[PDB]
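A single chain, nothing else alongside it, follows as structure tokens in the form deposited in one PDB entry.
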């Protein structure tokens, strides 16, 4: 029941995802690893402890390096894995940039809207891709050679569910979405007309509605099970929740950067509030090829 235009839209998004999502993370290299006023600290300390994870490094030889984080006592212990997660987030975003560049509807947009759209959807597209490698039964993001396993807590599943980011990943994983529905979610999140700095509001909004219409159609043709009733509205609701979480963790990120500077050059540009001159790295990447 999909139109030819809609079939073409899903083919280009699926092709772009394949060409720009390093699911095995085999090209993620040269990352930092953990080495072998007062009220602001208390808020920040709660932020980081909510997402405590152990890092696992699998080698082609079969070896495994495992990092267990220190317990939450004293200060500057919570910042152990932050530099590594900053290097990982930066790598994920460079793939997000390449994802948008392949899309024809995005490439033809003005360079300032391209910068503004990626600046506003970076975290959201990054979390959507993390969800496709998230293992809900083990609480682990399986990123090829690297694995990020959630540390146990005293409250357990119920206490972790109080963290919105963690709750987003479990709820979205339970929808059992297809690759096409994720990539259409990524497109809908990317082409948001109400992002700060967008000038072609009407052009981006038209693009967004068509991506959403194509998602609604795809679900109607391939998801006749009763478990998938209202799946389109559920997905659209999850996308609205992710936008809310992005704001929370944009301010968390800025608090944590102030107390302790952990950001890469590209992440600092994304959080800097001439667009091209302020984002020189992002402008260069958008101009480069694949």
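Positions refer to the first chain, counted from 1.
Going from residue 273 to residue 274, you skip over 10 or more residues of the deposited sequence that the entry leaves unmodelled. Two stretches are in play, 168 to 176 and 144 to 152, and the higher mean C-alpha B-factor belongs to 144 to 152. Of the two segments examined, 242 to 250 and 256 to 264, it is 256 to 264 that shows the higher average Cα temperature factor in the deposited entry.
The maximum CA B-factor among the listed residues 55, 39, 233, 64, taken from the PDB record, is found at 39. Each of 190, 96, 199, 85 has a CA temperature factor in the record; the biggest one is found at 199. Among the modelled residues of its chain, residue 157 has a C-alpha B-factor that falls in the highest third, as given in the PDB entry. Residue 80 sits in the highest third of its chain by CA B factor, as recorded in the PDB entry. Compared with the other modelled residues of the chain, the Cα B-factor recorded for residue 12 ranks in the lowest third. When the modelled residues of the chain are ordered by their C-alpha B factor, residue 33 lands in the middle third. Residue 203: CA B factor lies in the highest third for its chain, per the PDB record.
Beyond what is shown, the protein has a form deposited with a partner chain bound; the following relates to that form.
Contact annotation for the candidate site: 89, 121 and 252 all lie away from the partner chain in the deposited complex (no heavy atom within 4.5 Å).
A heavy atom within 4.5 Å of the partner chain in the deposited complex is found for one listed residue only; from 136, 111, 166, 85, this is 111. Under a 4.5 angstroms non-hydrogen atom cutoff, the partner chain in the deposited complex has residue 116 among its neighbouring residues.
Not displayed here, the partner chain is approached by residue 265 to within 4.5 Å at the level of heavy atoms in the deposited complex. Though the partner is left out of this view, residue 185 does not reach within 4.5 Å of the partner chain in the deposited complex, counting heavy atoms only.
The partner chain in the deposited complex comes within 4.5 Å of a heavy atom belonging to residue 97.
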